[PDB]
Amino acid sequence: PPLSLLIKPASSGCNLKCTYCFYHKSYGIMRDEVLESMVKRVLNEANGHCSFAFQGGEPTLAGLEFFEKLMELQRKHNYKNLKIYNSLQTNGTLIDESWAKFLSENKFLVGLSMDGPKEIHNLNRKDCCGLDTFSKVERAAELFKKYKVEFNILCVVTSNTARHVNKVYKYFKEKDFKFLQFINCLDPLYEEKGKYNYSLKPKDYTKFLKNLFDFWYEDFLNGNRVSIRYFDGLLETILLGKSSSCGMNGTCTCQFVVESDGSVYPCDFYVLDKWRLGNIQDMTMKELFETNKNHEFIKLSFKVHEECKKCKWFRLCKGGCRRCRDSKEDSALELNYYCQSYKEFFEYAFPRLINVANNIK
């Protein structure tokens, strides 16, 4: 089968201090021997194609020469002539001409984190000193357009986002950003939910989804296509019965998260000792996947909540992402935290989602 990895080449290391972030133990920068062992194993084991996605942490802290070495390894060690996909998620604050050229020439797909216009973005996305970052992220987008880097925007949805969907959507529209991914702001794993100023509560999320869908659909009607990852996945589920977004298919998959020391985990939300599968230097990808830890991680997500069983939306929703059901350590999974939001949203949007699905055949 193809192989897809999520790599943290600078570990959890980051140059910012975003208020909601729980991703920034740092294993430091991935060493060359780990990088080499990882790239060779993937190219030897994968069939069809493989994908390397660089995340963190701020992955550009690994430095350009790390990524240059990566490309050289891919060039030399792809004995099967697999297709290779590379991608990078970045805060954009360190992007300069050298990065933009590299990313463009090497066909990376880039995800740039931008939470909306200046005020909405800076409220949470602050630097180490507590200062603003929006202008530096705009500069990154500017460099990406200049050098034709393919990029999507990754926007975290906080309570403030829910109150200002008009400003956020209009800003991205003004900037001609056509590929958007809205990520729910999660409270830290196993903490009491909804305790922070930024916390995205179910009633905030319902409001966000309904208003976003309205702006998206009005555009659709007017022939302006805007790709919104969640709505695309619903469309996929409607037309094909499956989605290419993890969290939308009802059960978990092993994401092969590789930390900078080579340790491997099943999902970016669960880089914890109890889910450490082993080390990529010493195990095959098959062996990691077939661990008792991975099998257990996945199988836990197969439990269907009783409310879901009789839910009219079950074939559309599937219970949502396991991370949003995991309220307490080693307690069984609960109903999705956002269950009420999906129900209220589906009642509001489903007729028009079908409308769209028909028109894209």
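Each residue number is its position in the shown sequence, starting from 1.
According to the PDB entry, the deposited sequence contains 4 to 9 residues between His24 and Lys25 that lack coordinates. When the two stretches 275-283 and 86-94 are set side by side, the higher mean Cα temperature factor goes to 275-283. Higher mean CA B-factor, judged across 350-358 and 2-10 from the recorded values: 350-358. The PDB entry gives the largest Cα B-factor of the residues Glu68, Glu36, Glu45, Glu329 to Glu329. Per the deposited coordinates, the residue with the largest Cα temperature factor out of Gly111, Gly116, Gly194, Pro266 is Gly194. Ranked against the other modelled residues of its chain, the C-alpha B-factor of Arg41 as given in the entry falls in the lowest third. When the modelled residues of the chain are ordered by their C-alpha B factor, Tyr230 lands in the middle third.
Per the deposited record, the Cα B-factor of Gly223 falls in the highest third when ranked against the other modelled residues of its chain.
Per the deposited record, the Cα B-factor of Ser301 falls in the highest third when ranked against the other modelled residues of its chain. When the CA B factors of the chain's modelled residues are split into thirds, the value for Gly241 lands in the highest one.
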